[PDB]
């Protein structure tokens, strides 16, 4: 543990009781550098400054794989999990390693060209899997250089095989790449220093590129970020006076949200209560998180009247009308236009590390208020939450007696629609509201 003991006030309402913080029971010997979670939110990984790795089953509260610094390659350029949280891919400067985390073992090791000092982003995408017998994946490796490699990875009970199947080269360096595993296609989207976003999409056996268009009213703005909601087949392109929300299936600008200038690479999106009804991807709310390029403050913009009330149609399979007479679970609800969305803004003080839940409905944060020597030291932290839909803030004071934490909090990542992980030096805290993750 991170202290001799922690002290909190006893809860006086059921609402307070549901607001929870707990330490993850495992930790690293040096500060945590990087954290990640699988797409299905089952599996969490943390990587220390010393390359140590811990992979953790969130719902079962147990360790799946722990590797110390001396059990790891001496270089580690990237980590990634498959979308189901059963495999991890680790990349050193010259080697990739594929581990089974469900039944721990090394399935495969493969040597690979990297152009160091090349920065890597790695993504798993489903290929032609099915079922419990064998699985196929595409493993995509993106280099800041503009190089994109795609590997076909087959996994079996026994072991695995891999092959470099495609290689692409972009005309500019890559600021940011993302994967979109959509219902229509596997897609890789890259924002380059040119300001272009190039999307490579797979149809059948063949990848093809397209260059996306931002809102033509705003062509001189610097492009700052891209972010995808893969199941809606939507890409968000952030620039300096807003964000363009683009349908990648039918190639179509759906809306431009108005925002202040956004700091490069700091933008994310969550949407709530996602359901698909008669060709419509519907959500109850949309939330954006970004760092304001002027004030360097972290901001949360929340749009919507919330669930019990209305919904927003984010995208449609077919951008045509359709009088299908089928079951519509949202009958008693109002469909809203983009222009009649209500916008609520929450700005966070620099002192806090904050992060929103995966559906954008809750913001959580932590700040160290104070510390004092015992002759070790005692620290007072504030743990807080904000419910974006009820407009309700809650905070708990957390006193740590003989704390072993000397770092400022961060980095941080959503772990479910009601729970977040916040790094505290070499520990991680889970903070949530009414979350089944506890405990």
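Positions refer to the first chain, counted from 1.
The gap between residue 375 and residue 376 holds 10 or more unmodelled residues of the deposited sequence. Look at the mean CA B-factor for 301-309 and for 149-157 in the entry; the higher one is 301-309. Comparing 214-222 with 325-333, the stretch with the higher mean C-alpha B-factor in the PDB entry is 325-333. If you compare the C-alpha temperature factors of 43, 46, 29, 60 in the entry, 29 comes out highest.
You'll see in the entry that, of 70, 408, 382, 39, the Cα B factor peaks at 70. Among the modelled residues of the chain, residue 207 sits in the highest third by CA temperature factor in this PDB entry. In the deposited entry, the Cα temperature factor of residue 162 sits in the middle third of values across the chain's modelled residues.
When all modelled residues of the chain are sorted by CA temperature factor, residue 14 is found within the highest third.
Residue 112: CA B factor lies in the highest third for its chain, per the PDB record. Sort the chain's modelled residues by C-alpha temperature factor and residue 175 lands in the highest third, per the entry.
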